[PDB]
């Protein structure tokens, strides 16, 4: 009559989603995180309908109501050239049939953190998790606190949601493959709303944002720039994908030079108008984040089936594509659903079923996102005008954003169990069949 004891390593977006999913489905959760995750860092996170579908269930709608101010109200993407001329209005009516969110990462973390505490997730901040182990009966980790004290923590299995620099990953894949640089990076930041207000030369950016979030894209030679608003103009954010061969580290903390962005855009006719807004980014908030191409791992689940990698620990995606967080939320939902269907006496089965459901779909999104990183969409803008051909269409694919991962898992669970127990390949239908073979995805 004892609950499953879930251990979670890392409380980024995916670890918090895994904690909420597991706890709402009746399992005990003790989550560990090394940092103060409430600190204001990073810029905005987008969540598409495949993620909001999952989030809508949490607390019988409580989290969705907390996130309602952040529901995307853009009806179109406005695509501009280097003169600022509007070339194409790309309709978002289908993409936005169901809710999407756009909000500062720190606000999404806060909302998820508060709900996790409310529903009884046990959270331990200031803990670096080390040295996982497992056998046929259980798993354990070492909780290392900042005073150097070590505490053993035991559970039924370990959820490794510790991000792109996951140290848990080597417990599954001890020989790490190296991501290769795409040759591109992304400048990105929030704008300081206060100083943005009160700049008369930036007043244009507020037009209509109380009714429809701004979603402007600009294509210049060497730059793909987006300017967005959310929550009725309370927040403005921007990014700029650009060529960069420097040896940049993929972290969200390093100093970046705002003058590099000014130099890139000031030589084109629209540059001064864009800078009228972007100049109000706080200097220490400029991030220049490299767009690295990570190869799918061979698998996500450990030898005894009591550790699983999810989120960016399993399938890091660049922030340039828009499915990174949403796919990690699908990991959390499928894993928790699979655990609930398998039960405490079949934990390894649960993790292996979740891996079989998630792997090909997550890997397809990952491999397609490599093309956005390498700039395949770009053309010579002296000759071509940008249009829908140049917009990475991953956030526009119905097969991604229309998907209901929980319903899929419930309907397919016993078929996946049979594939796992009979040693047969499971052919998931949560991605297009042509895609899996076209991309060279190898089933686990």
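In this text, rigid core is short for the largest set of C-alphas that superpose within 1.5 Å between two forms. Positions refer to the first chain, counted from 1.
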property: Core-fitted comparison in 4 other deposited structures of this protein, 364-372 vs 220-228, farther C-alphas; result: 364-372
property: Outlying stretch relative to shown form, 191-199 versus 314-322 in 4 other deposited structures of this protein, C-alpha RMS (core); result: 314-322
property: Residue range whose averaged C-alpha B-factor is higher in the record, 221-229 or 196-204; result: 196-204
property: Average Cα temperature factor in the PDB entry - higher stretch of 312-320, 155-163; result: 312-320
property: Per the PDB entry, maximal CA B factor within 249, 102, 329, 287; result: 249
property: Given 174, 126, 138, 305, the residue at which the Cα B factor reaches its maximum; result: 174
property: Third assignment of residue 24 from its chain's C-alpha B-factors; result: middle
property: Residue 69 - Cα temperature factor, lowest/middle/highest third of chain; result: highest
property: Ranked C-alpha temperature factor of residue 356 among modelled chain residues, by third; result: lowest
property: Third of chain Cα B-factors occupied by residue 78; result: lowest
property: Among modelled residues of the same chain, the CA temperature factor third for residue 333; result: lowest
